[PDB]
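Participant: Pasting a structure here, questions to come.
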Amino acid sequence: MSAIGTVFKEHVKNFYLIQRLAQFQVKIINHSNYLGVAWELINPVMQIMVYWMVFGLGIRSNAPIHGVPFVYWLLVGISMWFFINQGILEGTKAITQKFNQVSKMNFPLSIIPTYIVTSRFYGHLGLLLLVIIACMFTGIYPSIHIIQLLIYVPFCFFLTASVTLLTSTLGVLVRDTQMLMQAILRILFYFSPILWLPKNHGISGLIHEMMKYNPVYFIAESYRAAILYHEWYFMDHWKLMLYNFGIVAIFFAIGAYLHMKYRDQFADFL
Amino acid sequence: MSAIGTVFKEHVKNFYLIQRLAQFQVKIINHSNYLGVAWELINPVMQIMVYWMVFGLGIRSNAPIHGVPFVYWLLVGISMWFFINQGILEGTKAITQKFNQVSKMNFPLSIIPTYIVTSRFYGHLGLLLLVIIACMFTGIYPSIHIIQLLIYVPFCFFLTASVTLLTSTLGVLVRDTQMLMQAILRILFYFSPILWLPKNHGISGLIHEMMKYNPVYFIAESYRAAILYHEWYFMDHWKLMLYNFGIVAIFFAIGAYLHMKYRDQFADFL
Amino acid sequence: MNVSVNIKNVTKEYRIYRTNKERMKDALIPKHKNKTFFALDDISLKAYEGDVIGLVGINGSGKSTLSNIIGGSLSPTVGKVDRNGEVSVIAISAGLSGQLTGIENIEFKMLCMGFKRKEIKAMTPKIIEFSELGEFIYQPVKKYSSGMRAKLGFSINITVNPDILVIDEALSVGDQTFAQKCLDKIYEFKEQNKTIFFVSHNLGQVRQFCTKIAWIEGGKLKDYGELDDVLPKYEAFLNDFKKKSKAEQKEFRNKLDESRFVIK
Amino acid sequence: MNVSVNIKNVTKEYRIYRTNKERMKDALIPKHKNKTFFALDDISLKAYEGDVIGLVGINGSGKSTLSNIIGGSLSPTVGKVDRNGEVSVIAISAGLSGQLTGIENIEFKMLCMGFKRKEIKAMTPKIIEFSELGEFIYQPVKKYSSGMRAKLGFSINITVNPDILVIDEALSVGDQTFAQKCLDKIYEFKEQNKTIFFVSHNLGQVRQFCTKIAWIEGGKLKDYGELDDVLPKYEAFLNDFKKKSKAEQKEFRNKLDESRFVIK
Ligand SMILES: CCCCCCCCCCC(CCCCCCCCCC)(CO[C@@H]1O[C@H](CO)[C@@H](O[C@H]2O[C@H](CO)[C@@H](O)[C@H](O)[C@H]2O)[C@H](O)[C@H]1O)CO[C@@H]1O[C@H](CO)[C@@H](O[C@H]2O[C@H](CO)[C@@H](O)[C@H](O)[C@H]2O)[C@H](O)[C@H]1O
Ligand SMILES: CCCCCCCCCCC(CCCCCCCCCC)(CO[C@@H]1O[C@H](CO)[C@@H](O[C@H]2O[C@H](CO)[C@@H](O)[C@H](O)[C@H]2O)[C@H](O)[C@H]1O)CO[C@@H]1O[C@H](CO)[C@@H](O[C@H]2O[C@H](CO)[C@@H](O)[C@H](O)[C@H]2O)[C@H](O)[C@H]1O
Ligand SMILES: CCCCCCCCCCC(CCCCCCCCCC)(CO[C@@H]1O[C@H](CO)[C@@H](O[C@H]2O[C@H](CO)[C@@H](O)[C@H](O)[C@H]2O)[C@H](O)[C@H]1O)CO[C@@H]1O[C@H](CO)[C@@H](O[C@H]2O[C@H](CO)[C@@H](O)[C@H](O)[C@H]2O)[C@H](O)[C@H]1O
Ligand SMILES: Nc1ncnc2c1ncn2[C@@H]1O[C@H](COP(=O)(O)OP(=O)(O)OP(O)(O)=S)[C@@H](O)[C@H]1O
Ligand SMILES: Nc1ncnc2c1ncn2[C@@H]1O[C@H](COP(=O)(O)OP(=O)(O)OP(O)(O)=S)[C@@H](O)[C@H]1O
Ligand SMILES: [Mg+2]
Ligand SMILES: [Mg+2]
């Protein structure tokens with residue numbers, strides 16, 4: 001119980017340091033590019049264009065889903081994936097790379113992955129704003145149901161932060177985890193409603209049941225319900241919310257316990 | 001014409017140095033892992049398992065193609081993609097990262113990407129041997145048509161080396177190319193017969209015609225013909241071979257010209 | 001007359017593996033016999049307030065391990081370190097990034113160091129004036145020469161005010177026109193009665209600056225006492241080592257290394 | 001009495017950008033006026049065979065740029081460098097990787113350096129014996145102390161035999177018991193009549209080792225001639241600089257920096 005208290009205290013006291021270091025990292029990454037920080041938004045747009053060309057025109061010839069054009073359906077569904085993928089990939093190696101600089105300075109070591117994640121949360125917020133503006137240009141306008149984002153958007157950040165908090169310690173102790181993460185990320189990507197709805201195309205007794213255990217399913221469906229279908233998602237899907245909250249709590253507790261156990265020996269393992 | 005001669009002479013004289021530096025890089029990359037260099041083969045196997053689970057059981061429920069089980073069809077088709085992807089991704093940043101160490105030593109600067117590519121060619125060869133052994137275990141045994149590999153396998157290496165030779169100089173001069181390469185790699189991956197045959201599933205007047213301009217199409221089809229269908233591929237597809245050879249020559253010439261033009265100023269741009 | 005750092009039976013051991021199979025077996029098998037290297041072995045010294053201590057020894061003696069154990073970055077295998085007051089370490093290369101400019105690097109390093117924003121806003125102009133970079137403070141650090149980068153690092157680092165200070169071969173930085181300012185700044189720390197640990201191979205600076213001397217040979221503490229009594233012994237041993245023949249030097253090194261390597 | 005390096009009107013300019021918009025405009029617009037910084041300006045010196053030359057100056061003078069231009073790593077903006085014979089540079093950190101062990105690092109650095117396999121196989125035992133690492137030669141370099149790593153780098157680098165040699169603050173490495181061997185090895189190069197360029201701030205070593213002195217101030221060559229005639233002037237200027245008040249030092253630095261920065 002002391003682990004959770006220590007990590008919580010560190011984060012709630014070093015919020016501002018987290019934000020400042022995230023901004024500095026964003027500046028560092030895109031230093032040599034002529035366009036600068038615009039690539040954080042340019043790259044996801046090109047990737048989304050490729051994904052729509054492949055999975056939108058080839059498989060289904062751009063047939064509308066639920067009365068919404070497929071382009072906007074995919075746009076709302078996929079606006080979150082880049083943040084999760086980049087955060088989980090980059091923050092797993094955060095402690096390994098950034099320990100040397102801050103080893104000899106009195107530093108709260110549990111906030112290293114969090115600002116790595118924030119450096120991508122910035123681009124996610126920008127992409128979400130762009131997507132909302134485009135959907136408004138289509139003819140779909142916001143309603144009172146848009147206020148569910150204040151609850152749904154922080155959940156994605158908390159999930160990514162907890163997963164990264166566990167995986168950073170695991171990667172520091174054993175270096176095979178960083179190589180093993182790629183297949184798991186691919187599994188999470190393909191077994192989700194981001195690109196397709198398997199109910200119409202194929203059977204739903206087996207494929208759909210496994211999809212419900214994937215948090216990306218819940219996140220994408222909640223965003224679509226808040227932005228597109230104009231409904232209260234928690235009215236009929238509260239059990240999924242409870243299960244996801246339990247998953248987040250379990251991940252946070254395990255990561256905090258491991259980090260508190262092995263922080264003083266991080267020099268030997270590195 | 002002096003550019004081609006200089007690059008050709010450098011490579012044909014520093015073959016052995018290329019091999020030795022490739023082995024050293026392979027040793028460097030996997031130093032901290034408990035399993036060591038086994039990950040170069042473990043990771044592609046897990047990725048192939050995920051790809052077969054998604055694109056083999058979901059889309060088509062593991063229906064055989066051309067009388068061959070889909071698992072071996074995919075295995076032969078996809079055994080090359082990891083090499084091309086990793087080589088093109090990593091060798092684009094070869095000169096940027098490795099120039100400082102060898103700047104003050106008399107070094108042939110045109111061989112830096114080639115050993116980066118060789119470090120992945122090793123794993124490609126291992127995977128190809130494993131795939132052939134598995135296909136033999138199935139009940140498909142080699143014939144006189146397996147000797148086409150001596151012509152087809154070097155072509156993949158030459159294509160990757162030429163593309164990397166151009167992209168390394170382009171990335172050194174302008175740093176946006178390294179960010180732009182990802183979407184192009186995804187386009188090359190999805191518009192290829194590695195995972196599916198669009199002729200049966202959908203229309204073939206439009207999708208199939210574009211696929212024929214992709215070199216990955218030719219490489220995968222040639223490997224499948226040499227290993228699985230037991231036929232001389234060049235008998236009815238010589239025009240595709242000529243077009244691919246022309247593409248390779250064009251890429252090599254352009255890369256050599258640019259590298260010879262801008263080698264002495266590589267310090268200012270870096 | 002109060003202790004500032006108290007060290008009791010500090011030991012540091014590292015396991016030596018030749019092949020990956022040995023490491024894998026050591027990790028998996030519960031009880032396994034492997035080679036063990038003693039970086040330090042049973043070091044105990046008590047430091048009082050206001051005492052400047054210089055660490056002297058040959059290459060590989062174990063001075064940096066002791067300094068890192070005192071500074072808290074490293075953890076002893078056996079024993080404890082009892083200290084009072086904050087500890088600061090002087091290292092110029094820690095927080096400087098080539099992509100960030102000088103102004104951005106100042107804020108980055110001061111933030112990672114542990115200072116609040118309001119203090120940084122006040123201390124920035126003094127650092128800028130002390131560094132003497134000029135117009136190049138706006139340029140990226142990657143464009144700097146080595147001396148300019150070292151001067152910027154020293155200017156950022158000199159702002160600390162700890163109870164215990166650890167320095168490592170950083171008494172002066174830059175050309176002759178800049179070393180005097182660094183020497184005066186370092187001496188200012190001495191006049192404020194702070195415990196200082198100095199690790200260097202320069203005997204002139206050690207004689208000019210230090211008060212007590214600790215001699216470390218082969219991972220163990222040979223002698224601890226006043227400078228006037230200990231430094232002559234080290235100088236005499238250094239002079240003696242030069243007269244010995246190559247075979248005798250090799251024998252001495254082999255005898256020193258035999259005790260460190262053990263099997264357990 | 002034959003020239004070894006001949007330098008005529010070597011100039012090096014760098015463009016100074018404050019924001020990304022200025023760089024983008026400079027790249028796109030055909031004719032654009034931007035700030036230009038003169039690292040070197042119209043340097044011409046002729047070096048004969050067997051002449052040891054020491055480069056002296058204040059921080060940011062332009063000594064490393066000249067050494068890199070001579071060594072071929074960098075290219076002048078205007079002018080040419082005419083040289084005969086091969087050029088080798090002494091740099092210990094160039095080819096050492098932490099993941100690779102000492103034995104692997106020897107082969108890696110010697111291969112990147114330009115030696116054939118048969119020569120490496122012969123020269124390896126001499127390097128191993130000279131480094132004096134002992135059992136730790138099989139351990140990874142990341143486990144080494146700083147002194148041991150520097151000694152290994154020096155041992156690998158000392159094997160070169162060029163016509164022209166460039167050294168940069170690497171005359172001696174390690175503790176007192178190891179510096180004498182490095183000094184003898186360096187002197188052996190002097191007895192073989194090779195042109196040597198030495199860049200350092202240590203005036204004692206420059207006086208002991210060098211033959212001619214080149215003084216660089218503000219990107220230009222103040223004086224070129226014998227050590228006995230040039231070094232006293234530099235020492236006198238250094239002594240004079242200490243007596244000046246802070247305002248006068250700032251005025252001198254501003255006057256020096258005014259000529260370097262130009263708009264064109
Ligand atoms: C770079 C671009 C490359 C493009 C490559 C394209 C390859 C993909 C093809 C699309 C695909 C993938 C489904 C996606 C998987 C999602 C879950 C996986 C999750 C994994 C984690 C499903 O295709 C779609 O799905 C359904 C398949 O039936 C069907 O839906 C509805 O149909 C019912 C009508 O009665 C309806 O009653 C019911 O309500 C739905 O079922 C759709 O109409 C069909 O378009 C696979 O389909 C396969 O291919 C063909 C398609 O037709 C099809 O063969 C034939 O079809 C026509 C006779 O139908 C015929 O005319 C074609 O000549 C012929 O081809 C195959 O038999 C099918 O197996
Ligand atoms: C494909 C690859 C497959 C795997 C390959 C094999 C991997 C094996 C890794 C083993 C490992 C990782 C655990 C990872 C998380 C666990 C899973 C969680 C999963 C959750 C989803 C678990 O090792 C743990 O080490 C802890 C050390 O604190 C220790 O903790 C407790 O200790 C006290 C009593 O032991 C107790 O009083 C205290 O309170 C606890 O702190 C644990 O008891 C022990 O189990 C770490 O190994 C450790 O490494 C250390 C430094 O190398 C090493 O110590 C060094 O000490 C000296 C230095 O100065 C020197 O002598 C040596 O340098 C070395 O000896 C340890 O000896 C070794 O054990
Ligand atoms: C989203 C981003 C969009 C793009 C953003 C804009 C990017 C613009 C990049 C411009 C660029 C890249 C070309 C890339 C390949 C071309 C495409 C190929 C495609 C194939 C698929 C082309 O610049 C080329 O530079 C060459 C320099 O050799 C020059 O070559 C010929 O020069 C001679 C006569 O000019 C001729 O005698 C000789 O024989 C040739 O060598 C060319 O004429 C010139 O076009 C390089 O820019 C160059 O950068 C240099 C160092 O910064 C800079 O020189 C420096 O010189 C001093 C130093 O000491 C100092 O004064 C300054 O430091 C600077 O001045 C150049 O001035 C600048 O031009
Ligand atoms: N991670 C490590 N694993 C094994 N041995 C190590 C490790 N780190 C250091 N050593 C060894 O422990 C000994 C102590 O060396 P250090 O204390 O780091 O250097 P030093 O005593 O300060 O001497 P200098 O800095 O060269 S004057 C040396 O023999 C090192 O090679
Ligand atoms: N890439 C670059 N762009 C702009 N200015 C540079 C660049 N590289 C160096 N400079 C500047 O050019 C001048 C020459 O400095 P250097 O020659 O590298 O250092 P130095 O003259 O050897 O002095 P030291 O090494 O500190 S004793 C300095 O003012 C540098 O800041
Ligand atoms: Mg040390
Ligand atoms: Mg310099």
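Labeling convention for the structure tokens: chains A, B, ... as they appear, residues from 1 per chain, ligands from 1 in order of appearance.
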Dump the neighbourhood of ligand 1 as a PyMOL selection string: all residues within 6 Å, distances computed on only C-alpha atoms and all ligand atoms.
Facilitator: (chain A and resi 54+58-60+190-191+196+198+200-202) or (chain B and resi 54+58-60+190-191+198+200-202)
Participant: Using N, CA and C atoms, can you write the selected residues to a file as a short mmCIF file (atom, residue, chain, number, x, y, z; two decimals), in the first residue's frame?
Facilitator:
data_model
loop_
_atom_site.label_atom_id
_atom_site.label_comp_id
_atom_site.auth_asym_id
_atom_site.auth_seq_id
_atom_site.Cartn_x
_atom_site.Cartn_y
_atom_site.Cartn_z
N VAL A 54 -6.66 0.97 -48.49
CA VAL A 54 -6.59 -0.49 -48.49
C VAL A 54 -7.88 -1.11 -47.96
N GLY A 58 -10.92 -1.42 -51.06
CA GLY A 58 -10.72 -2.78 -51.51
C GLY A 58 -11.71 -3.77 -50.93
N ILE A 59 -11.81 -3.82 -49.60
CA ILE A 59 -12.63 -4.84 -48.95
C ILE A 59 -14.11 -4.58 -49.17
N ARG A 60 -14.56 -3.33 -49.01
CA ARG A 60 -15.99 -3.04 -49.03
C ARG A 60 -16.41 -1.97 -50.04
N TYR A 190 -5.15 -5.69 -34.64
CA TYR A 190 -5.99 -6.37 -35.61
C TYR A 190 -7.28 -6.92 -35.00
N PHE A 191 -7.28 -7.24 -33.71
CA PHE A 191 -8.48 -7.76 -33.06
C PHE A 191 -9.23 -6.62 -32.37
N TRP A 196 -12.76 -2.82 -39.20
CA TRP A 196 -13.85 -3.62 -39.75
C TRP A 196 -14.79 -4.04 -38.64
N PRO A 198 -16.62 -7.43 -37.79
CA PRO A 198 -16.70 -8.84 -38.22
C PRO A 198 -18.10 -9.43 -38.17
N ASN A 200 -20.93 -8.44 -39.62
CA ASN A 200 -21.54 -8.50 -40.94
C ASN A 200 -20.76 -9.43 -41.87
N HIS A 201 -19.43 -9.30 -41.88
CA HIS A 201 -18.63 -10.03 -42.86
C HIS A 201 -18.61 -11.53 -42.57
N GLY A 202 -18.35 -11.91 -41.32
CA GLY A 202 -18.23 -13.31 -40.97
C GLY A 202 -19.07 -13.71 -39.77
N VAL B 54 -4.85 -13.91 -38.06
CA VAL B 54 -5.77 -12.85 -38.49
C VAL B 54 -6.24 -13.08 -39.93
N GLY B 58 -9.61 -15.84 -40.10
CA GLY B 58 -10.72 -14.92 -40.12
C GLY B 58 -11.30 -14.68 -41.50
N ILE B 59 -10.45 -14.28 -42.45
CA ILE B 59 -10.94 -13.88 -43.76
C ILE B 59 -11.44 -15.09 -44.55
N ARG B 60 -10.68 -16.18 -44.55
CA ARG B 60 -10.98 -17.31 -45.42
C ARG B 60 -11.13 -18.65 -44.71
N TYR B 190 0.87 -3.77 -48.21
CA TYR B 190 -0.53 -4.16 -48.39
C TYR B 190 -0.90 -4.41 -49.85
N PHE B 191 -0.22 -3.77 -50.79
CA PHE B 191 -0.52 -3.97 -52.21
C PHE B 191 0.43 -5.01 -52.80
N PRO B 198 -6.33 -10.99 -54.60
CA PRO B 198 -7.55 -10.21 -54.85
C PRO B 198 -8.38 -10.68 -56.03
N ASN B 200 -9.70 -13.66 -56.70
CA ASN B 200 -10.85 -14.45 -56.28
C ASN B 200 -11.82 -13.61 -55.45
N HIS B 201 -11.29 -12.85 -54.49
CA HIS B 201 -12.16 -12.15 -53.54
C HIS B 201 -12.92 -11.01 -54.21
N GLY B 202 -12.21 -10.17 -54.97
CA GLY B 202 -12.84 -9.01 -55.57
C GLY B 202 -12.55 -8.87 -57.05
#
Participant: Against ligand 4, which residues of chain C fall within 8 Å? For each one I want the closest pair of atoms and the distance in Å (one decimal), counting only C-alpha atoms and all ligand atoms, rows by chain and increasing residue number, as a Markdown table.
Facilitator:
| residue | atom | partner | partner_atom_place_in_ligand_line | distance |
| --- | --- | --- | --- | --- |
| C:13 | CA | ligand 4 | 4 (C) | 8.0 |
| C:14 | CA | ligand 4 | 4 (C) | 5.1 |
| C:15 | CA | ligand 4 | 4 (C) | 6.9 |
| C:16 | CA | ligand 4 | 4 (C) | 7.0 |
| C:37 | CA | ligand 4 | 5 (N) | 6.9 |
| C:38 | CA | ligand 4 | 12 (O) | 7.6 |
| C:39 | CA | ligand 4 | 12 (O) | 4.7 |
| C:40 | CA | ligand 4 | 14 (C) | 7.9 |
| C:57 | CA | ligand 4 | 27 (S) | 6.8 |
| C:58 | CA | ligand 4 | 27 (S) | 6.0 |
| C:59 | CA | ligand 4 | 26 (O) | 4.1 |
| C:60 | CA | ligand 4 | 23 (O) | 3.9 |
| C:61 | CA | ligand 4 | 21 (O) | 3.9 |
| C:62 | CA | ligand 4 | 21 (O) | 3.2 |
| C:63 | CA | ligand 4 | 21 (O) | 4.1 |
| C:64 | CA | ligand 4 | 22 (O) | 3.9 |
| C:65 | CA | ligand 4 | 17 (O) | 4.5 |
| C:66 | CA | ligand 4 | 17 (O) | 7.1 |
| C:200 | CA | ligand 4 | 27 (S) | 7.3 |
| C:201 | CA | ligand 4 | 27 (S) | 7.0 |
| C:219 | CA | ligand 4 | 14 (C) | 7.5 |
Participant: Set the distance at 9 Å and use only C-alpha atoms: which residues neighbour stretch 253-270 of chain A once local chain neighbours fewer than 5 positions away are removed? I'd like the list as a VMD selection string.
Facilitator: (chain A and resid 1 to 4 6 to 7 95 to 96 99 to 100 103 109 to 110 162 to 170 172 to 174 248) or (chain C and resid 14 73 to 75)
Participant: How about saving the chosen residues, N, CA, C and O atoms kept, as a compact mmCIF listing (two decimals), in the first residue's frame?
Facilitator:
# COMPACT_ATOMS: atom_id res chain seq x y z
N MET A 1 0.82 -1.20 0.00
CA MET A 1 0.00 0.00 0.00
C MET A 1 0.86 1.26 0.00
O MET A 1 0.41 2.33 -0.41
N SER A 2 2.10 1.13 0.47
CA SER A 2 3.02 2.26 0.44
C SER A 2 3.49 2.56 -0.98
O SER A 2 3.81 3.71 -1.29
N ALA A 3 3.55 1.54 -1.84
CA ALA A 3 3.96 1.75 -3.22
C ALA A 3 3.00 2.67 -3.96
O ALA A 3 3.42 3.62 -4.64
N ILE A 4 1.70 2.40 -3.83
CA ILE A 4 0.69 3.22 -4.49
C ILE A 4 0.75 4.65 -3.97
O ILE A 4 0.70 5.61 -4.75
N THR A 6 3.32 6.24 -2.65
CA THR A 6 4.54 6.92 -3.10
C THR A 6 4.42 7.35 -4.56
O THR A 6 4.74 8.50 -4.90
N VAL A 7 3.95 6.46 -5.43
CA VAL A 7 3.85 6.81 -6.85
C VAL A 7 2.81 7.91 -7.06
O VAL A 7 3.03 8.85 -7.83
N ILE A 95 13.18 4.11 -19.08
CA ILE A 95 14.09 4.05 -17.94
C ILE A 95 15.48 3.61 -18.39
O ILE A 95 16.49 4.09 -17.88
N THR A 96 15.54 2.69 -19.36
CA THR A 96 16.84 2.21 -19.83
C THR A 96 17.67 3.33 -20.43
O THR A 96 18.88 3.42 -20.17
N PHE A 99 18.01 6.80 -17.59
CA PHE A 99 18.47 6.65 -16.21
C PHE A 99 19.83 7.30 -15.97
O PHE A 99 20.07 7.83 -14.88
N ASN A 100 20.72 7.26 -16.96
CA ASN A 100 22.08 7.75 -16.76
C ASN A 100 22.10 9.23 -16.43
O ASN A 100 22.85 9.67 -15.54
N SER A 103 20.54 9.76 -12.83
CA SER A 103 20.92 8.84 -11.77
C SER A 103 21.54 9.57 -10.58
O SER A 103 21.24 9.24 -9.43
N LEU A 109 11.90 8.85 -9.81
CA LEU A 109 12.16 7.96 -10.93
C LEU A 109 10.90 7.38 -11.56
O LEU A 109 10.99 6.79 -12.64
N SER A 110 9.74 7.54 -10.92
CA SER A 110 8.52 6.93 -11.43
C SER A 110 7.80 7.79 -12.47
O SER A 110 6.79 7.34 -13.02
N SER A 162 -0.32 3.29 -17.20
CA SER A 162 -0.14 2.12 -16.34
C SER A 162 0.59 1.00 -17.06
O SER A 162 1.51 0.37 -16.50
N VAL A 163 0.21 0.72 -18.31
CA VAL A 163 0.88 -0.33 -19.07
C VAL A 163 2.36 0.00 -19.23
O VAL A 163 3.23 -0.87 -19.04
N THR A 164 2.67 1.25 -19.57
CA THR A 164 4.06 1.66 -19.72
C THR A 164 4.81 1.59 -18.40
O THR A 164 5.99 1.23 -18.36
N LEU A 165 4.14 1.93 -17.29
CA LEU A 165 4.78 1.88 -15.98
C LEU A 165 5.21 0.46 -15.64
O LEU A 165 6.28 0.25 -15.07
N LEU A 166 4.38 -0.53 -15.97
CA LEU A 166 4.79 -1.92 -15.74
C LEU A 166 5.89 -2.34 -16.71
O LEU A 166 6.91 -2.93 -16.31
N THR A 167 5.72 -2.03 -18.00
CA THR A 167 6.63 -2.57 -19.01
C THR A 167 8.01 -1.94 -18.93
O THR A 167 8.99 -2.58 -19.34
N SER A 168 8.14 -0.72 -18.41
CA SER A 168 9.46 -0.11 -18.29
C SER A 168 10.32 -0.88 -17.30
O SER A 168 11.48 -1.21 -17.58
N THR A 169 9.77 -1.19 -16.12
CA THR A 169 10.49 -1.99 -15.15
C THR A 169 10.78 -3.39 -15.68
O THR A 169 11.89 -3.91 -15.52
N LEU A 170 9.78 -4.00 -16.34
CA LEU A 170 10.02 -5.34 -16.89
C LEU A 170 11.14 -5.32 -17.92
O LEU A 170 11.99 -6.22 -17.93
N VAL A 172 13.62 -3.15 -18.11
CA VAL A 172 14.90 -2.90 -17.45
C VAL A 172 15.46 -4.18 -16.85
O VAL A 172 16.64 -4.50 -17.01
N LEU A 173 14.61 -4.95 -16.16
CA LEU A 173 15.09 -6.19 -15.55
C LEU A 173 15.49 -7.21 -16.60
O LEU A 173 16.60 -7.77 -16.55
N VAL A 174 14.62 -7.48 -17.57
CA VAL A 174 14.88 -8.43 -18.65
C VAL A 174 14.66 -7.71 -19.97
O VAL A 174 13.63 -7.07 -20.17
N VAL A 248 -7.27 -1.50 -15.34
CA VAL A 248 -6.37 -0.37 -15.08
C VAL A 248 -5.83 -0.43 -13.66
O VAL A 248 -4.62 -0.23 -13.43
N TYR C 14 30.70 -7.87 -8.01
CA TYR C 14 30.13 -8.06 -9.33
C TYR C 14 30.44 -9.48 -9.80
O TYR C 14 31.53 -10.00 -9.56
N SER C 73 23.98 7.12 -5.77
CA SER C 73 23.62 6.56 -7.07
C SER C 73 23.72 5.04 -7.06
O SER C 73 22.97 4.36 -7.76
N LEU C 74 24.65 4.49 -6.28
CA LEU C 74 24.91 3.06 -6.23
C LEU C 74 24.62 2.54 -4.83
O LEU C 74 24.67 3.29 -3.85
N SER C 75 24.31 1.25 -4.75
CA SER C 75 23.93 0.63 -3.48
C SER C 75 24.93 -0.44 -3.09
O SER C 75 25.25 -1.31 -3.91
Participant: Would you list, as a ChimeraX atom specification, the residues of stretch 99-143 of chain A that end up in helix (DSSP H, G or I) under DSSP run on this structure's backbone?
Facilitator: /A:99-102,109-138
Participant: Once you count only C-alpha atoms, which residues of chain A turn out to be within 9 Å of chain D? Could you give them as a list in words?
Facilitator: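 Residues passing the distance filter: residues 34, 35 and 36 of chain A.
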Participant: Compile the contact shell of stretch 140-148 of chain D as a PDB file with N, CA, C and O atoms, in the first residue's frame: residues with an atom at most 6 Å away, counting only C-alpha atoms, same-chain residues fewer than 5 positions apart removed.
Facilitator:
ATOM      1  N   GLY D  98      30.624  -0.050 -26.151  1.00  0.00           N
ATOM      2  CA  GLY D  98      30.488  -0.628 -24.824  1.00  0.00           C
ATOM      3  C   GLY D  98      30.066  -2.085 -24.847  1.00  0.00           C
ATOM      4  O   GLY D  98      30.486  -2.875 -23.999  1.00  0.00           O
ATOM      5  N   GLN D  99      29.219  -2.457 -25.807  1.00  0.00           N
ATOM      6  CA  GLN D  99      28.709  -3.824 -25.854  1.00  0.00           C
ATOM      7  C   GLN D  99      29.808  -4.820 -26.209  1.00  0.00           C
ATOM      8  O   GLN D  99      29.861  -5.921 -25.650  1.00  0.00           O
ATOM      9  N   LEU D 100      30.690  -4.454 -27.135  1.00  0.00           N
ATOM     10  CA  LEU D 100      31.761  -5.353 -27.542  1.00  0.00           C
ATOM     11  C   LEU D 100      32.845  -5.419 -26.472  1.00  0.00           C
ATOM     12  O   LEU D 100      33.135  -4.430 -25.797  1.00  0.00           O
ATOM     13  N   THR D 101      33.447  -6.595 -26.325  1.00  0.00           N
ATOM     14  CA  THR D 101      34.542  -6.766 -25.384  1.00  0.00           C
ATOM     15  C   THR D 101      35.813  -6.110 -25.918  1.00  0.00           C
ATOM     16  O   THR D 101      35.846  -5.565 -27.024  1.00  0.00           O
ATOM     17  N   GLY D 174      46.193   8.078 -18.556  1.00  0.00           N
ATOM     18  CA  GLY D 174      46.274   7.259 -17.366  1.00  0.00           C
ATOM     19  C   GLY D 174      47.063   7.903 -16.243  1.00  0.00           C
ATOM     20  O   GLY D 174      47.466   9.068 -16.297  1.00  0.00           O
TER      21      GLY D 174
END
Participant: Please list as a list in words every residue within 10 Å of residue B:49, counting only C-alpha atoms and excluding residues in the same chain fewer than 6 positions away.
Facilitator: residues 183 of chain A; 43, 56, 71 and 75 of chain B
Participant: Would you save the residues of that selection, restricted to N, CA and C atoms, as a PDB file, in the first residue's frame?
Facilitator:
ATOM      1  N   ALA A 183       4.621  -8.148 -31.250  1.00  0.00           N
ATOM      2  CA  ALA A 183       3.555  -9.073 -31.622  1.00  0.00           C
ATOM      3  C   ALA A 183       2.282  -8.793 -30.834  1.00  0.00           C
TER       4      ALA A 183
ATOM      5  N   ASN B  43      11.385 -13.535 -33.365  1.00  0.00           N
ATOM      6  CA  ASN B  43      10.416 -12.474 -33.642  1.00  0.00           C
ATOM      7  C   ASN B  43       9.632 -12.696 -34.935  1.00  0.00           C
ATOM      8  N   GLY B  56      -5.657 -15.645 -42.030  1.00  0.00           N
ATOM      9  CA  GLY B  56      -5.840 -17.000 -42.510  1.00  0.00           C
ATOM     10  C   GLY B  56      -7.096 -17.669 -42.000  1.00  0.00           C
ATOM     11  N   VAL B  71      -1.279 -22.170 -44.857  1.00  0.00           N
ATOM     12  CA  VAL B  71      -0.207 -21.864 -43.911  1.00  0.00           C
ATOM     13  C   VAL B  71       1.140 -21.842 -44.624  1.00  0.00           C
ATOM     14  N   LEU B  75       3.645 -18.827 -45.493  1.00  0.00           N
ATOM     15  CA  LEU B  75       5.004 -18.962 -44.978  1.00  0.00           C
ATOM     16  C   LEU B  75       6.033 -18.669 -46.060  1.00  0.00           C
TER      17      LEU B  75
END
